[PDB]
Amino acid sequence: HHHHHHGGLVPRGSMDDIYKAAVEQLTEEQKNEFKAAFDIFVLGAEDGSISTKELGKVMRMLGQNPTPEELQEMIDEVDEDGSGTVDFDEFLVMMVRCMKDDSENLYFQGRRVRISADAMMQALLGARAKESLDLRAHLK
Ligand SMILES: [Ca+2]
């Protein structure tokens, strides 16, 4: 409907709503997975936060070779304040938005959109592994 744009010039004292929404959409197990993904994205971070190189890195793996300008525009476009860099807070809400955004935009008969979120997630996980639970005994 109207929602809320301005921060009310009153930082902190809330933010609980954002966390609550994430919890409702993301489960405890899912939340842990999210953190794991964040750590991977944080790896190689020039400024400690996702950048053109980080985003470009995954693009190369997908077989895509986007220009530096394209990556910069994408970050600025998705950026909350257009700072040009996505921080932990911005990254967290960004992921949540993409989740509900995709759900909202479905209607019927989808179209080949670059890559699917599920496909990317599966690629990150690669081969299934549960040897973590069993260390002394190896069963595969
Ligand atoms: Ca930003």
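Residues numbered from 1 in each chain as written, not as in the entry; some residues may be left out. Heavy atoms only, no water.

As recorded in the PDB header, solution NMR is the method behind this entry.

### Observations regarding the coordination of the calcium ion
Filter applied, for reference: Donor atoms are limited to N, O and S found within 2.8 Å of the metal ion, a distance that becomes 3.2 Å for Na, K and Ca. With water left out, some sites might look partial. Three labels apply to residues, based on accessible area from a 1.4 Å probe with only protein chains included: buried if under 20% of the type maximum, exposed if over 50%, partly exposed otherwise in between.
At this site the calcium ion is bound by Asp79 (OD), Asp81 (OD), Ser83 (OG), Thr85 (O), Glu90 (OE) and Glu90 (OE), with donor distances of 2.5 to 2.9 Å. Site description for the calcium ion: donor spacing in sequence, D-x1-D-x1-S-x1-T-x4-E. For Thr85, a relative accessible area of 29% corresponds to the partly exposed category. Here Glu90 falls in the buried class, since its relative accessible area comes to 8%.

### A closer look at the layout of surface pockets
Filter applied, for reference: Cavities and pockets were defined on a 1 Å grid built over protein atoms only: a cavity is a set of grid points that admits a 1.4 Å probe from which the probe cannot escape, a pocket is an open set flanked by protein on both sides within 12 Å along at least five of seven lines, and lining residues are those with an atom within 4 Å of any such point. Grid points are joined across faces, edges and corners, and a volume is the space filled by probe spheres set on the points. A run of DSSP states H or I qualifies as a helix once it reaches four residues; a run of E qualifies as a strand once it reaches two. Both are numbered from the N-terminal end. Nonpolar residues are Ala, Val, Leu, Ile, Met, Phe, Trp, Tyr, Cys and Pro. Charged residues are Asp, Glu, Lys and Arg, and all others, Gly as well, are polar.
Of the volumes computed, that of the largest pocket is approximately 2,000 Å³. Lining of the largest pocket is provided by 48 residues; of these, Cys98, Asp102, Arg114, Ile115 and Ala117 occupy positions nearest its centre. Among the secondary structure elements, those contributing two or more residues to the lining of the largest pocket are α2 (28–42), α3 (52–62), α4 (68–78), α5 (88–104) and α6 (117–125). At 9 residues, the largest contribution of residues to the lining of the largest pocket is made by α5. Tallied by class, residues from the lining of the largest pocket come to 33 nonpolar, 6 polar and 9 charged. Estimates place the volume of the second largest pocket at around 1,300 Å³. Contributing to the lining of the second largest pocket are 30 residues, with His4, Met15, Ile18, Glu80 and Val93 lying nearest its centre. Of all the elements in the fold, those that place two or more residues in the lining of the second largest pocket are α1 (16–25), α4 and α5.

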